[PDB]
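For clarity, chains are labelled A, B, C, D, E and F in written order, and residue numbers in each chain start from 1.
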Amino acid sequence: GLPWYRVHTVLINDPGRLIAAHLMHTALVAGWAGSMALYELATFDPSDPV
Amino acid sequence: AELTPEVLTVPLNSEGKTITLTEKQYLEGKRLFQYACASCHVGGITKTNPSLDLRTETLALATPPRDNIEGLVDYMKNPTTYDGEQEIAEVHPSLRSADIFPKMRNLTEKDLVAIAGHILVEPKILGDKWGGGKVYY
Amino acid sequence: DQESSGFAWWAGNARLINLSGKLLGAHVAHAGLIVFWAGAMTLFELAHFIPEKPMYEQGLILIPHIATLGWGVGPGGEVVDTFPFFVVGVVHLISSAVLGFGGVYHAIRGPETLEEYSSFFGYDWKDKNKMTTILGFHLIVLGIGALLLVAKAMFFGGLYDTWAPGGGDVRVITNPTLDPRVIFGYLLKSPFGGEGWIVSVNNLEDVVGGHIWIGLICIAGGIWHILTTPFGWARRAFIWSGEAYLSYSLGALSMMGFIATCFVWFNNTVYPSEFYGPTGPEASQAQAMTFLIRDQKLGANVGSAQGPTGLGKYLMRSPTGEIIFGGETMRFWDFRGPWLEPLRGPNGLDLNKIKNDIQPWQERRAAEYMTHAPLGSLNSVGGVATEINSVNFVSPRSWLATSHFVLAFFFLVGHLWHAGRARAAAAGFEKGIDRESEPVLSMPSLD
Amino acid sequence: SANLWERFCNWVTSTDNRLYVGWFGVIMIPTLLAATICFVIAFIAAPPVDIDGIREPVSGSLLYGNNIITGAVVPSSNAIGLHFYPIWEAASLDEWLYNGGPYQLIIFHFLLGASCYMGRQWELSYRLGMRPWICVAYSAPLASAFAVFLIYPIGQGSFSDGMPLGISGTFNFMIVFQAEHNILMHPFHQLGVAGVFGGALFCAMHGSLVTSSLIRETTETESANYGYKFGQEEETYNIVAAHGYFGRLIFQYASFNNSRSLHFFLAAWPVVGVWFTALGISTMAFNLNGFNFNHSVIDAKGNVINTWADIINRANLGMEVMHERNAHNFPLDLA
Amino acid sequence: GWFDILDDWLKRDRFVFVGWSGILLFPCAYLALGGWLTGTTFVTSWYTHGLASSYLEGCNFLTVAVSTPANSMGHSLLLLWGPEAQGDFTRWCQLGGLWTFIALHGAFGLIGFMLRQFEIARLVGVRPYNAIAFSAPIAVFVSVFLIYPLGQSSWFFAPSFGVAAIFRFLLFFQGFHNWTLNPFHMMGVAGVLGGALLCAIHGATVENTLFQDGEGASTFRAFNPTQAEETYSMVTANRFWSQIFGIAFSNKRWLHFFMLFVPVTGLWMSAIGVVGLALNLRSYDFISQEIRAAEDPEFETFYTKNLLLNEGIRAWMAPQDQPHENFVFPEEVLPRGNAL
Amino acid sequence: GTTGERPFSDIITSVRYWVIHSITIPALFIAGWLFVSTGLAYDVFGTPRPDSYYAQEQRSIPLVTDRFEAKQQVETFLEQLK
């Protein structure tokens, strides 16, 4: 059937699932941002800005 | 930026007197220097004894002084050690040993003067390069 | 007669595979070019040759070949008379015209084939007898030649022996080693460090001697082939065709090309450092010599001097205990040479001779060879790749060795190529797989 | 039994073996198994090797502080030079591993086998009724290994100067080479990179041209590869459409239309180029190095006017002046 | 409409196809090649690198080059009519204006050329895999001749157009970036070296697995320019390699795509590696190695050895390779082994 | 297999061509020769003549050290008889 590098072509004309995927992407990018922050706040030292 | 006769004015003898070479002698010397010296004295050094170079100053503190046409010429006929306390014509090319160093057979007093002049003119042009080794290449 | 409906243009000479006559013109015209070169080159060399100056410093490779045979030279390789050089050069140059004549003739006038215009000369590739016989003729011609050398050395003058007792000089060999145990011993010698195989010959007796054996053995086989046919195996083993024979001779030259490369690079005897330059190991040895000599004069005790690594600045030991020169030069402890031998003892370099038996001629020999190592650039600038322009020089040993490795190599390819073609030509598929009967399609699947 | 040996010879030469163990194979298969097994063991557990013969062991194995990129099998000692150093030439293995014994056992067996590998690449071609010469293409990469593992050492007088068996060890071989021979300024090397660059270029050329001019037989959502069946009669691409395109890219007569002339060029170019590169290393093994244009252009007074050729010399001096720190005792590097 | 007539004319099948692309390609492509050939013989690099760089001065085909601008210029585009040259031509030449000329022009010339491929492909109606492939050479030029110097102090550290002038770029990258030890460069060579293998191996495999379609030995004429049967036994080739190497192709469509992939992927990786060298984010050292080498003076790998070679390269080259820094390294500070 | 252009082969063979190019080709040649031999090229490209790299005594290089005042700085370099 579809080669591994083409599995996402399954959306080329399915506006619904195209929005559904992309929504997931944004979720991950938003998710990463939030949690990458927490990682820095858990390790950043404000004791000296100089 | 040229080889003016001003640059070709090198000390003839110990008593300050000088001689002025010509672009013909220079080139000729340079050619002869390659023919019988370059082999071991390429670029003013000494491959078979790096401690003694052809720097004018080095030749000045030699014994006797070899930093003038007369000096170098004498050397090319009867070579000595840096203190002059020993003749080395047997393991160094020279006129009195042309049988041992064929390259020195052709060489006539005219040729000897050119080679000597070359040795005094090069450092004038190249400067530090002439004396030093790979460091200055 | 022959055109595109034979072979392609760029494969033209293969259209002569079955035209004995014309194929003779080629070989006779070709053999002219070699004579032409040898001659025309010798005169070119001599035309530039400067007597009072080393041969290796003048880009000569033929005049030193003549010098070795004891011609125009004397004490220490001193050039006495340039006439033998001029002679050998002009003679060849002439014979090139003679050969060249025949070549051109046989290739554009004479019979295009030989078989009919004389059945003696005409031949058949598959004629196992004609082949073994012509081969037999040549095996004799080459055999006489091998003796032509033995004659020049023993009767007509001698050869240049660098090992000469009184110091390098033309010497008449009148005692050729004929002892087979010794002669053929060389062939059983290792080709690695130390035991050097053929390249390890170090005296003219063996050289002259060995050549006597070859001269005979060769003509012997020359007669044998005239009077015989290949046996059974000899026939069921080889391929009998015009190409196959070529190939066999191609791989043969290749192999000889490699052996020649190492001979001119390593051997001191049949390639005198007096005419050619100092050998690779010889020059590196000379540096050690030079500086051990220098510093020793400055009051340094060479025997106990300790270098940076704690190995021995000037002198150290080889893996088998012998005293050798120190430094990177430890790799060349297998070097032997006239100038250096008088310092060697029964255990290698003797600390006593080194301490007070060093002679001036050795000091300047070492200096000479040190400042004339076989290092140079394509554009002929002697020294290390970082050197400055001034000394225009590249050791003849370097030129010879490289040229002949390239040739030797390409010939081994030539071999493979013509041998691969011959095997396919024979069996008959050197032009493609039979569309119909495709061999592979009849074999079970390995999958 | 039709005759044991007769059978033996029929099996060996058999074209029905999964892997064609040939006659050359009979020498190949054992030599290559020795080389690989010794290598793998060396590279992982071998102890330090005094490569420069100056009692200054260089460890190049994993278990002794190395990683894949740095680790290597170190060349035999310089004290050994070109001498043959088989295990039975050492008082013990301990001595053999210290003098870089493994190196020789590997290079000799490999070079031997890799040659028979070529000999085999002929044999099978013979037994299958196909034209030879494939083995002649493989003669280029082999002739390099030879040049780098045997020719250069013979020329230089020692096996310690052969290319090491490792990543970083190879970079060492290169950097030093350049310093002592100025290879970048040598015709043979340039032809080599021409062949290699060109190769990759043409490899991309053909590759693209062909794949781009494939006859359609596949769906819009089906691998374009399936449009080919192993054992086809006709071609799988429009070599006339390919030439049509490429002929317009440059100009008609500067384009191939003959698949046979195309593929010959495709093979000839790299092989010929690499042949020269191998002859480069094999030529510079006798100190006939690259062009030396140091202090060529000088002005009217005699001053030295530098060129890029000079800037290269400085970089070279740095390598020269710094390689093999403690190995030199004298002025000129003649070894 | 004139447009369609302009089109009509351009897309006309001539000897040397012009096309819309040509309006960009030919002007640049010619100026780039022209500028090089000009500088190569006439312009100097004295005021820029203190180097003779043209035939007119005595340089030969190897030592000639169009050297980069001074380090003072910075990343200046160096326009003929810009603040530097100020409309003057001779000055422009002496300030290495010809570099950004060749660079920027040739850059667009490579855009045009790929566009051409794209345009000609479309017309001839073939797939654009010749265009995809050509992305690799673009990436290289862009990253090395533009992106790289854009990360450094100036154009001065970009590779100068010339034979020898490129060899120092190599040596520099070794000495300063230890480029050979970079994972991306390695992939690079793996692609080019391995790509030059596929080229050779496939070519030979075909020429020696051919069917006989003629009665001559020179089988070149024996080829059908008009398709039909496979000109070589794909079935025999498979069996050959399947027995000599253990692995073998069996899908010309894949075998040919692979040949596109390998060298194009290779060149792309080598590019990334350089894009990082712009920020000097190199793959210079292995920390675990250095720490042990510090504490333990007897630990020596072929890696440590190399780093010393770099030190020498940097110390002995930097003076005349970076004039604007007015370097002065006393003989005593110059790192050197024994005797040499 | 063809386009409008007149087959090179024919042209490179037409006596007319040579009657034209025997004049044209050498013309361009002698021109370029003169371009160099008259010293014009040196001025068109600011390329130093063998006697114009350094001043007699100076051994320093005329390195352009600042972008904006470069042209001016270059002119001054020609001043010291460089």
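Rule of thumb we're sticking to: contacts are C-beta pairs under 8 Å (C-beta built on N, C-alpha and C of every residue); 3 or more make two chains touch, one makes a residue touch a chain.
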Per Cα centroids, the chain farthest from chain A: B
Comparison of E-F and B-F by number of C-beta pairs in contact, larger one: E-F
Per-chain CA centroid nearest to the all-protein CA mean: D
Whole-Å separation of chain centres (CA-atom averages), chain C against chain D: 28
Separation of mean Cα positions, chain F and chain D [Å, integer]: 44
Mean-CA-position distance for chain E and chain B (Å): 49
Touching two or more other chains - residues of chain B: 1-2, 4, 47, 134, 137
Junction residues of chain F, two or more chains touched: 50-51, 53-54, 56, 59
Two or more partner chains touched - positions in chain C: 308, 370, 383, 386-388, 429-434, 438-440, 443, 446
Chain C-facing residues of chain E, complex: 209-222, 229, 233, 235-236, 239, 242-243, 338
Complex contact set, residues of chain F against chain B: 50-56, 59, 82
Residues of chain D touching chain C in the complex: 15-18, 53-56, 78-84, 118, 122, 125-126, 128-133, 135-136, 139, 143, 151, 154-155, 157-158, 160, 179-182, 186-187, 275, 279, 282-283, 286-296, 313, 316-317, 320, 324, 326-335
Chain D contact footprint on chain A (complex, rising order): 1-3, 6, 9
Complex interface listing, chain D residues touching chain B: 294-295, 299-304, 310, 313-314, 317, 320-321, 331-332
